[PDB]
Amino acid sequence: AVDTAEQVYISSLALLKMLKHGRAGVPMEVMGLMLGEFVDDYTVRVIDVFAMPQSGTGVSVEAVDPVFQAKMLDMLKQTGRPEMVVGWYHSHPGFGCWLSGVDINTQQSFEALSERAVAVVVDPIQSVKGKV
Amino acid sequence: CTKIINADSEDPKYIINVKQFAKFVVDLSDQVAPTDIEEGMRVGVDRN
Amino acid sequence: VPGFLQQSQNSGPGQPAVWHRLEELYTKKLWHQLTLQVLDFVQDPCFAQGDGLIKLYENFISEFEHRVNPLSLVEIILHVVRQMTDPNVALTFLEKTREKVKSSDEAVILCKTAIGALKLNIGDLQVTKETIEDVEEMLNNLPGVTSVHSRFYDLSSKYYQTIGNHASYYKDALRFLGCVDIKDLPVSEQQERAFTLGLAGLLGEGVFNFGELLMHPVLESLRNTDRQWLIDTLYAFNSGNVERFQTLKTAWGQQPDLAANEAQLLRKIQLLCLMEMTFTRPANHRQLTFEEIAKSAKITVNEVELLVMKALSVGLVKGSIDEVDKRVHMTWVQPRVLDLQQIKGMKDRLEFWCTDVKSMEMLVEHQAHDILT
Amino acid sequence: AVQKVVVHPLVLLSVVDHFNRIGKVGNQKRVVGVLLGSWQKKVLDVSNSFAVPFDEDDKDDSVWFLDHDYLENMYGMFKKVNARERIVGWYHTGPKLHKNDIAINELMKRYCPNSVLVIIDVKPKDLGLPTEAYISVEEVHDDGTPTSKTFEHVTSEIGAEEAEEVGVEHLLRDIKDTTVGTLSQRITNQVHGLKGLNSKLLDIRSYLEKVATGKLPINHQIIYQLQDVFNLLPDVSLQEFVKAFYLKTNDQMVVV
Amino acid sequence: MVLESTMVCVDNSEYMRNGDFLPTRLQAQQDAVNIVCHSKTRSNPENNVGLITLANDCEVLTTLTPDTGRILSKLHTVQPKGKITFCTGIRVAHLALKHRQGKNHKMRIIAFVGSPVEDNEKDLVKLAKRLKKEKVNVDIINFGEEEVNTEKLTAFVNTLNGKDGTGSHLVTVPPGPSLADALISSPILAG
Amino acid sequence: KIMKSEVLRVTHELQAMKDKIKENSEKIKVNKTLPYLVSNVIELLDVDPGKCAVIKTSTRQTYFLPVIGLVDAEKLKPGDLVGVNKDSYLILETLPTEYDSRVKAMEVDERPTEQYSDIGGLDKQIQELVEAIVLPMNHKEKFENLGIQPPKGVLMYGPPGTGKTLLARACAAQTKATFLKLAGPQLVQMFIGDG
Amino acid sequence: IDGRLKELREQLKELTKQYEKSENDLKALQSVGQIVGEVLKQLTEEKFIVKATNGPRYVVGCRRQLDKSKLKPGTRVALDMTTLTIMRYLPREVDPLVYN
Ligand SMILES: Nc1ncnc2c1ncn2[C@@H]1O[C@H](COP(=O)(O)OP(=O)(O)O)[C@@H](O)[C@H]1O
């Protein structure tokens, strides 16, 4: 229940994955999870992020396939560098810096799973020239 | 919004004319069996 | 098979030891090492006089073991096929070898080369052009096998004495010289090969550069002891040196295949004697007056028009041709060997450009300290 | 077979980070993986990268290992999330290329027929080159030369990925690598253009000097074919300035 | 439970397609591969067996996996026309099996040799010393005609099983026919 | 022979790619379980320099999906009421069209139950039209193998109360096939081209 | 001989590989397509006025491969769904559909 002026050390390649994934699925509201680790309470660092195809159902917890996520994590462990899951990201063309009802529900499920599971809003269409 | 339904397939799918002029087909909500819903009856739809 | 081994142990001194090895190899069911033994016996210091008998024995062994190495078997038995020396049945022999080994390995393409070689030796009209073209048409997805490539290069080099290919024949002969590096054959015959390639370049028309043979040591050292006037003439064609006396001595030095085309030699050397000015002077002397042309080519005034016309056609000089002052503008788009021993000239010009660029960069920096400092 | 390749400003930093993260325990200096992307119109582009731990031995350069099952699973996942992405080539660090590259190319070309090699200089930033592209051509070295490997460099240019301009502007936000301050910025443009021209042409002069000394093998068969025309092209004739004495000097004097 | 991770490097030399065994020595060695992989699967179906090649290449596609069908498919039509590179083959087998695997999983490299080899004694002794320093556990099984259990192979095995090692034997097979059960009888439960 | 390795690759490639079919299909099918836009196909046969489509959405918009990215135009002809992606703006799948308000069910009886036994008097005529209509339904393959295409147009003329309606419905019941009744006198509509 | 059933297995593999390539083209596309508009005004060589069939008109760019001679004024074109730029131009048809 302690949340100070926390700061996210997000990585440039994580940004590039975000913009590429959003640019691909602009109208699908594609989903993903932000691969970060709580090195301490508030100095959260994210070095990598992955892109996952939103299932036809839409924004659902089962759309992020558990077996597929586990296999992806194992692949990252074998080749690359392992990293924990304490966050998520989502291209949000509909409206701005808030979450929809289903987004709040799935973030509540992520919060139950993880410790924080930060809710990150990234708008792919509003970011055009200078403001992401 | 609530709109009438048009018709359905053999059982699962429902081809519906909606007051938003939409060619609307949905999986009927799990709490609602297809038996209760009949052609030409008004049903509300959850925007999500 | 034991009976054939017993019969085959005869007909040669030292053969029964190899036949015992052959017996051991098929007892333990060895095919590749058997092909090596067949290779050793065929390349043994003997003429293989019993060509038909050894053909029958080898076919006997291969048909009752039916698991030998295909490409190397055909590479070896082709010696016996050629040695049998009867083209009417030799074609059937090559068809039989194709039927016994019809895989897409070196075997079939080697059989095609043997067919083409037979068609050269007799009947140079039946399938000669289709065979030679189809070798390259079938060397697809085969970048560096280099074995049948060398074979195809040899056939087409021997096809030089045919109307179809002269300059391409020289090109594939160069390809043979590259692909096979060691001498692997008498120096005198390589020197004869160098003589033929030199005559090919002299008689040819499209061979203006004709690279990898002008100053190539692998080609020149063969005739370094005999007919060095041929070496000098190729160097003349390379560097643009005229040496008209030596080049005329070249014309009647090797009389066959040169006396009829000595006029073509005249035109080519007049064509290629201007390149020396072309690369040495980077538009430093861009006034190719008639007197300068006369010094370069020892040619008359009316022939200048035809010479510069052919120069524009081939690609030596592409500049404007005047006649009030007879000035020829200098652009070259067909580079060739620049006598790497004389690379100091282009190195000096390049370092001159470096010094000029750096000096002007420093000068503009001196003029620009009021902003850059 | 491709005409040319174009590298995005999208995979270079990803490769460098992959080098950094897998170099913590693997100090082989040799990072080997695959670059994925798309090839559409004789222009090949790279959109994704992946690194695999990789160990080498100097003995004939034939000692190595990879995780091919994990790498293939990565490729399936990448194609599933984005179908247009495909393996365009495989990359190795250590610009001093060794001899295992031929074996790696032979093994990986089952994913890409025109297998290409990419070298990323994680630590080196020599002038501006982030990476170099390599095409495998073993179809006879030349017309009259012996057999060789001869991995040539297909021309590479840094592309312009979309939607990354926002991120790169926010990231840097300090240098402003744009034409801002037109006069001073173009002065800097002239400055490093002269710097690059002097450095590269000095390198060419050094290569000519070393060819003259003959300590290194001479690839003259393409060197003079490409540099003779360069030298003889008549950009030194000044009579066209005589014909164009007012080349723009009229515009110079109206601007004054 | 003590689980075993085995990496097999199989001799794809130019001679292996000969018919010394009934189908081919290549198929005989393939039959050696799938029976030992079957034994590993019967011990526990999640025992993992992987393929390594040494015919001037190192096949890694068939990784350290329990399934045997990928080994059978990928080793079939291996085109046994190239040469043998023993020093590279076992070493790359070491690196391939050095990859991510359980620490409980006992690392073991098994080699199949079926053709005569022309390599330097000094080079292979140097490799044996290097593997001795690296504490490598390799057992080698021969098949068919060869200078079977040559001086290089004997010294290589002696270095890898000596100094109170596992005790993995190398069998001196008769040229041509051989009894695969008698070849793999000792190391399947002892070594 | 090579069959062992061939079938080892064949079965795996079959099952894995059909699994990829299922994965693809599910990801589009839930979008096919959420179609929203009517498909007014302004068909343009744009051959790639094969086909294309112009779809008038229910929300009054036009989507030019390329080359009809999911469905074949042999079954998708220029018309309406075919599933269109709500998010991918693409033709999902065919669905039944609309049967012109009145014709949706004017008076269509799903199945008549009146029997041939309760009617009679004209048994020769009823047997004649049974041979001309019902037999081309049950024994349609008999006509097919014979080579004679049965006639279709049967006109029952006679004063009212002669049982034409019962006979027609009884014939339809015997055929066990669909029966559609048209109210002729009310087909005269003031609307232009309504009939 | 199990190898003589190779032909039947080949037929099965070819039959399904047709379905597999069909699905590959079905999923690899997964496209959103392009919105359809009309060239309301060419404006200039860079910016063009393209009006959607149902309201808004936008000042958009043109496809790189296409040229103004291929675009022309008053011709049906396709705009990018999100970035709102010309992607392709399409011919149009009208039909009286009565008594034809
Ligand atoms: N053969 C018959 N058997 C039984 N009922 C009949 C018969 N013919 C006519 N009907 C009666 O006539 C009615 C049908 O009338 P209608 O169809 O208008 O006659 P029509 O077909 O000659 O115009 C039915 O309600 C039925 O009871």
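Parameters at a glance
- Residues numbered from 1 in each chain as written, not as in the entry; some residues may be left out.
- Chains lettered and ligands numbered in written order.
- Part of a larger assembly, values for the part shown.
- Heavy atoms only, no water.
- Residues with missing side-chain atoms left out of burial classes, pairs and counts.
- Contact = heavy atoms within 4.5 Å.
- Buried area = accessible area lost by both parts, 1.4 Å probe.
- Salt bridge = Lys/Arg side-chain N within 4 Å of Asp/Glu carboxyl O.
- Polar contact = N/O pair within 3.5 Å; in protein donor to acceptor, adjacent residues only side chain to side chain.
- Helix = DSSP H or I, 4+ residues; strand = E, 2+ residues; numbered from the N terminus.
- Nonpolar A, V, L, I, M, F, W, Y, C, P; charged D, E, K, R; others polar.
- Near = heavy atom within 4 Å.
- Areas by Shrake-Rupley, 256 points an atom, 1.4 Å probe, with all protein chains shown as cover.
- Patch = residues over 30% accessible without salt bridge, like charges linked within 9 Å, V, L, I, M, F, W, Y side chains within 5 Å.
- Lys, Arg positive; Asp, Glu negative; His and termini not counted.
- Charge placed at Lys NZ, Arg CZ, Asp CG, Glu CD.
- Buried < 20%, exposed > 50% of the residue type's maximum accessible area, 1.4 Å probe, protein only.
- Pairing = 2+ DSSP bridges.
- Axes fitted to C-alpha atoms, helices over the stretch in contact; angles between N-to-C directions.
- Parallel < 35°, antiparallel > 145°, perpendicular 65-115°, else oblique.
- Core = buried A, V, L, I, M, F, W, Y, C linked by side-chain atoms within 4.5 Å.

Listed as the method for this PDB entry is cryo-EM; the listed resolution is 3.6 Å.

The PDB entry lists chain G under the name 26S proteasome regulatory subunit 10B, with Homo sapiens as the source organism. The title field of the PDB entry reads "Co-chaperone Bag1-bound human 26S proteasome in SBAG1.3 state".

If you check the PDB entry, chain F appears there as 26S protease regulatory subunit 6A from Homo sapiens.

Here the focus is the interface of chain C and chain D. Contact residues are listed per partner, giving 42 residues for chain C and 35 residues for chain D. Across the interface of chain C and chain D, roughly 3,400 Å² is buried in total on both sides, 65% from carbon and sulfur atoms. Considering only the side of chain C, the residues that lose the most area to chain D are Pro 143, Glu 212 and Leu 350 of chain C, jointly responsible for 17% of the buried surface there. Connecting chain C to chain D are two salt bridges. One salt bridge connects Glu 351 of chain C with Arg 205 of chain D, and the closest N-O pair in it is separated by 2.9 Å. Counting across the interface, chain C meets chain D through seven residue pairs in polar contact. Going through the elements one at a time, α10 (167–179), α16 (275–280) and α19 (344–367) of chain C are the ones with two or more residues in the side of chain C that touches chain D. With 11 residues, α19 of chain C is the largest single contributor of residues to the side of chain C that touches chain D. A breakdown of the residues in the side of chain C that touches chain D according to their chemical character gives 23 nonpolar, eight polar and 11 charged.

Residue and element names in this part refer to chain F. All residues in the neighbourhood of the ligand are listed as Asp 118, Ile 119, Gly 120, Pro 159, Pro 160, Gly 161, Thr 162, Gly 163, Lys 164, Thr 165 and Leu 166. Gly 161 is positioned with one of its backbone polar atoms (N or O) 2.6 Å from an oxygen atom of the ligand. Alone, the ligand offers 570 Å² of accessible surface; in the complex the protein occludes 57% of this. Tallied by class, the residues present in the shell around the ligand amount to four nonpolar, five polar and two charged.

A word on a negative patch on the surface. All names here are of chain C. Among the surface-exposed residues, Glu 130, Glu 133, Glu 136 and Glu 137 lie close enough to one another that they form a single negatively charged patch. Structurally, the position occupied by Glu 130 is in helix α8 (residues 128–138). In this structure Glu 130 comes out as partly exposed when scored by relative accessible area, which is 38%.

A cluster of basic side chains, namely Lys 122, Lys 126, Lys 129, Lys 133, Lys 135 and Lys 163 of chain E, defines a positive patch on the protein surface. The topology assignment puts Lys 126 of chain E in helix α4 (residues 121–134).

As a further point, take the pairing of strand β4 (residues 43–49) of chain A. All names here are of chain A. Counting buried positions along β4 gives six out of seven residues, so the element sits mostly inside the fold. Note that strand β3 (residues 34–37) and β4 share four bridges and pair antiparallel. The partner of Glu 37 across the bridge, within β4, is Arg 45. A loop of five residues connects β3 with β4, the two strands running antiparallel in sequence.

On the surface, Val 103, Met 106, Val 108, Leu 180, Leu 182 and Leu 187 of chain F cluster together into a nonpolar patch covering about 480 Å² of accessible area. Judged by relative accessible area, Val 103 of chain F falls into the partly exposed class, the value being 41%.

Strands in a sheet are paired, the pairing made by backbone hydrogen bonds, and the direction either parallel or antiparallel. All names here are of chain A. Within the open sheet, the three strands sit side by side as β2-β5-β6. Their pairing is mixed. Sheet topology places β2 (31–32) and β6 (118–119) at the edges, where each strand pairs with a single neighbour. Where strand β5 (residues 87–90) lies against β6, two bridges are found, and the strand directions are parallel. Note that in β6 the partner of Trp 88 across the bridge is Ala 119.

Before going further, it helps to examine the packing of α4 of chain E against helix α5 (residues 151–161) of chain E. All names here are of chain E. At a minimum axis separation of 9 Å, α4 and α5 run at an interaxial angle of 10°. For the element pair α4 / α5, the angle class is roughly parallel. Facing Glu 121, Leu 124, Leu 127, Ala 128, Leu 131 and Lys 132 of α4, the residues of α5 in contact are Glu 151, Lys 152, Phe 156, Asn 158, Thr 159 and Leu 160. Here the residues of the contact of α4 with α5 are counted per class, giving six nonpolar, two polar and four charged.

Evaluated as defined, the whole model comprises 23 salt bridges over all chains. In this structure, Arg 116 of chain A engages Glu 115 of chain A in a salt bridge whose closest nitrogen and oxygen atoms are separated by 2.5 Å. A relative accessible area of 47% places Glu 115 of chain A in the partly exposed class. Taking the shortest distance from any N to any O, the salt bridge between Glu 106 of chain D and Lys 109 of chain D comes out at 3.5 Å. By sharing partners, the salt bridges in this structure join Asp 41, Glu 115 and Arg 116 of chain A into a single network.

Let us now look at the nonpolar core. In globular proteins that are soluble, nonpolar side chains generally tend to be buried together. Counting 65 residues, the largest nonpolar core has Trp 64 of chain D together with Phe 86, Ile 140 and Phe 156 of chain E as its most contacted members. Examining the composition of this core, we find that seven residues originate from one element, helix α3 (residues 86–97) of chain E, more than from any other. Those residues in contact with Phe 156 of chain E that sit more than four places away from it in its chain are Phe 86, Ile 90, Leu 124, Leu 127, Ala 128, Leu 131 and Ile 140 of chain E. Counting 46 residues, the second largest nonpolar core, distinct from the first, contains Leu 219, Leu 222 and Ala 311 of chain C together with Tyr 224 of chain D.

Let's shift gears to unusual backbone geometry. Unlike most non-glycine residues, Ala 117 of chain A shows phi in positive territory, near 55°. Of note, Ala 117 of chain A is situated in the loop between α3 (101–113) and β6. Although it is not a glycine, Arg 60 of chain F sits at a positive phi angle of roughly 60°. Secondary-structure assignment places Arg 60 of chain F in the loop between β1 (55–57) and β2 (61–64). In this structure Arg 60 of chain F comes out as partly exposed when scored by relative accessible area, which is 48%.

Let us now look at the arrangement of the chains. A comparison of contact numbers over the 13 pairs of chains in contact places chains C and D at the top. For the non-touching pair chain A and chain C, the nearest C-alpha separation works out to 31 Å. The least C-alpha distance between chain C and chain F, which are not in contact, is 15 Å.

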